[PDB]
Amino acid sequence: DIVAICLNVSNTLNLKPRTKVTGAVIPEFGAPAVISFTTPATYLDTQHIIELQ
Amino acid sequence: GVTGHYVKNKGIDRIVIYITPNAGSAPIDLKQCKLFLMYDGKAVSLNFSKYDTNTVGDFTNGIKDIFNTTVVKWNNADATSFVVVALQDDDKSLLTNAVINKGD
Ligand SMILES: [Ca+2]
């Protein structure tokens, strides 16, 4: 299976450029998935969807 | 390329340096770049500064003369900064947050 966890971060975390984001999805049992990315140096208006990790 | 303006009996007063990205380069955030220059007694670093009211002077559609003061607005070129004039940019990247990408 593949499934997408959807999070709206607009007011909660302030993801401007050059910003490190760290985290995990932790299940009831078993090993966590590790989220780890740094947002790009430049965001362009021609490319509103970005691949982060 | 580099080009420059001579005031009579004085010497070169101002210079304009034309810059472009290399093939395949990822986009460069011009407003963080620093320019180091050496000459007969001084080694100076200059930092980006905004054109009048806008991030980059929009001359995508041509300039009568790059050195005429009233057209071009040289005034923010202080002794410690530079300003950027956008000469070709399809995607509006220069014009908006000052990012050079392919073909600019
Ligand atoms: Ca561009």
# chains A, B, ... in the order shown; residues from 1 in each chain; ligands from 1
>>> interface_residues(of="chain A", to="chain B", cutoff="9 Å", atoms="only C-alpha atoms", output="ChimeraX atom specification")
/A:41-46
>>> write_last_selection(atoms="N, CA and C atoms", output="PDB file, in the first residue's frame")
ATOM      1  N   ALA A  41      16.847  26.812  -1.543  1.00  0.00           N
ATOM      2  CA  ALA A  41      17.393  28.144  -1.400  1.00  0.00           C
ATOM      3  C   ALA A  41      16.487  29.181  -2.060  1.00  0.00           C
ATOM      4  N   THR A  42      15.712  28.775  -3.071  1.00  0.00           N
ATOM      5  CA  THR A  42      14.911  29.712  -3.834  1.00  0.00           C
ATOM      6  C   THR A  42      13.601  29.055  -4.246  1.00  0.00           C
ATOM      7  N   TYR A  43      12.499  29.773  -4.068  1.00  0.00           N
ATOM      8  CA  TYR A  43      11.232  29.286  -4.525  1.00  0.00           C
ATOM      9  C   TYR A  43      10.899  30.100  -5.773  1.00  0.00           C
ATOM     10  N   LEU A  44      10.454  29.459  -6.868  1.00  0.00           N
ATOM     11  CA  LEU A  44      10.105  30.162  -8.092  1.00  0.00           C
ATOM     12  C   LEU A  44       8.598  30.120  -8.358  1.00  0.00           C
ATOM     13  N   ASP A  45       8.018  31.223  -8.860  1.00  0.00           N
ATOM     14  CA  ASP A  45       6.570  31.349  -9.057  1.00  0.00           C
ATOM     15  C   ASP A  45       6.063  30.441 -10.184  1.00  0.00           C
ATOM     16  N   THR A  46       6.974  29.908 -10.992  1.00  0.00           N
ATOM     17  CA  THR A  46       6.596  29.030 -12.082  1.00  0.00           C
ATOM     18  C   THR A  46       6.459  27.585 -11.604  1.00  0.00           C
TER      19      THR A  46
END
>>> select_by_dssp(residues="chain A", states="strand (DSSP E or B)", output="PyMOL selection string")
chain A and resi 20-25+33-38
>>> write_last_selection(atoms="N, CA, C and O atoms", output="mmCIF file, in the first residue's frame")
data_model
loop_
_atom_site.group_PDB
_atom_site.id
_atom_site.type_symbol
_atom_site.label_atom_id
_atom_site.label_comp_id
_atom_site.auth_asym_id
_atom_site.auth_seq_id
_atom_site.Cartn_x
_atom_site.Cartn_y
_atom_site.Cartn_z
ATOM 1 N N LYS A 20 15.371 24.109 8.114
ATOM 2 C CA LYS A 20 15.468 22.671 8.370
ATOM 3 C C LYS A 20 14.200 22.182 9.050
ATOM 4 O O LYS A 20 13.677 22.867 9.942
ATOM 5 N N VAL A 21 13.697 21.013 8.623
ATOM 6 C CA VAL A 21 12.494 20.434 9.192
ATOM 7 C C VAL A 21 12.820 19.007 9.563
ATOM 8 O O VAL A 21 13.454 18.288 8.790
ATOM 9 N N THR A 22 12.404 18.583 10.759
ATOM 10 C CA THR A 22 12.829 17.307 11.307
ATOM 11 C C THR A 22 11.604 16.664 11.921
ATOM 12 O O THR A 22 10.728 17.378 12.410
ATOM 13 N N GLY A 23 11.526 15.329 11.918
ATOM 14 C CA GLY A 23 10.360 14.736 12.547
ATOM 15 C C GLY A 23 10.237 13.237 12.339
ATOM 16 O O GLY A 23 11.122 12.634 11.740
ATOM 17 N N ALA A 24 9.102 12.673 12.767
ATOM 18 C CA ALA A 24 8.877 11.249 12.647
ATOM 19 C C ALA A 24 7.389 10.960 12.660
ATOM 20 O O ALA A 24 6.630 11.615 13.377
ATOM 21 N N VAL A 25 6.991 9.918 11.931
ATOM 22 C CA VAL A 25 5.685 9.321 12.128
ATOM 23 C C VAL A 25 5.915 8.069 12.946
ATOM 24 O O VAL A 25 6.684 7.188 12.526
ATOM 25 N N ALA A 33 9.208 6.298 10.928
ATOM 26 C CA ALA A 33 9.715 6.852 9.690
ATOM 27 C C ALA A 33 10.316 8.216 10.001
ATOM 28 O O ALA A 33 9.697 8.971 10.741
ATOM 29 N N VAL A 34 11.467 8.562 9.401
ATOM 30 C CA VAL A 34 12.166 9.784 9.752
ATOM 31 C C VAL A 34 12.047 10.801 8.626
ATOM 32 O O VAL A 34 12.483 10.529 7.507
ATOM 33 N N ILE A 35 11.464 11.969 8.934
ATOM 34 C CA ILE A 35 11.273 13.067 8.012
ATOM 35 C C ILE A 35 12.459 13.988 8.230
ATOM 36 O O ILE A 35 12.739 14.331 9.382
ATOM 37 N N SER A 36 13.148 14.398 7.160
ATOM 38 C CA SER A 36 14.324 15.224 7.350
ATOM 39 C C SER A 36 14.668 15.928 6.049
ATOM 40 O O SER A 36 15.155 15.287 5.118
ATOM 41 N N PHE A 37 14.450 17.240 5.995
ATOM 42 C CA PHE A 37 14.699 17.966 4.770
ATOM 43 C C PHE A 37 15.004 19.418 5.058
ATOM 44 O O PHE A 37 14.667 19.941 6.122
ATOM 45 N N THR A 38 15.688 20.055 4.115
ATOM 46 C CA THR A 38 15.906 21.473 4.240
ATOM 47 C C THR A 38 15.291 22.132 3.021
ATOM 48 O O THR A 38 15.501 21.652 1.910
#
>>> closest_residue(among="B:65, B:30, B:54, B:70", to="ligand 1", atoms="only C-alpha atoms and all ligand atoms")
B:30
>>> closest_residue(among="B:42, B:48, B:20, B:34", to="ligand 1", atoms="only C-alpha atoms and all ligand atoms")
B:20
>>> closest_residue(among="B:81, B:21, B:74, B:5", to="ligand 1", atoms="only C-alpha atoms and all ligand atoms")
B:21
>>> residues_around(residues="residue 95 of chain B", least_positions_apart="3", cutoff="8 Å", atoms="only C-alpha atoms", output="count of residues only")
8
>>> residues_around(residues="residue 3 of chain B", least_positions_apart="4", cutoff="12 Å", atoms="only C-alpha atoms", output="NGL selection string")
:B and (12-18 or 66-67)
>>> atom_distance(atom1="atom CA of residue 79 of chain B", atom2="atom CA of residue 44 of chain B")
9.2 Å
>>> select_by_dssp(residues="chain B", states="alpha helix (DSSP H)", output="ChimeraX atom specification")
/B:69-72
>>> write_last_selection(atoms="N, CA, C and O atoms", output="PDB file, in the first residue's frame")
ATOM      1  N   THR B  69      21.719  59.038 -16.180  1.00  0.00           N
ATOM      2  CA  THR B  69      21.347  59.026 -14.773  1.00  0.00           C
ATOM      3  C   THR B  69      19.837  59.000 -14.571  1.00  0.00           C
ATOM      4  O   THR B  69      19.366  58.196 -13.754  1.00  0.00           O
ATOM      5  N   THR B  70      19.092  59.810 -15.344  1.00  0.00           N
ATOM      6  CA  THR B  70      17.666  59.975 -15.106  1.00  0.00           C
ATOM      7  C   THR B  70      16.875  58.743 -15.507  1.00  0.00           C
ATOM      8  O   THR B  70      15.842  58.455 -14.901  1.00  0.00           O
ATOM      9  N   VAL B  71      17.350  58.036 -16.527  1.00  0.00           N
ATOM     10  CA  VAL B  71      16.698  56.824 -16.987  1.00  0.00           C
ATOM     11  C   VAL B  71      16.968  55.715 -15.973  1.00  0.00           C
ATOM     12  O   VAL B  71      16.047  54.975 -15.631  1.00  0.00           O
ATOM     13  N   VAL B  72      18.225  55.578 -15.516  1.00  0.00           N
ATOM     14  CA  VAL B  72      18.678  54.318 -14.955  1.00  0.00           C
ATOM     15  C   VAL B  72      18.628  54.275 -13.432  1.00  0.00           C
ATOM     16  O   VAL B  72      18.465  53.199 -12.857  1.00  0.00           O
TER      17      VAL B  72
END
>>> atom_distance(atom1="atom CA of residue 102 of chain B", atom2="atom CA of residue 35 of chain B")
21.1 Å
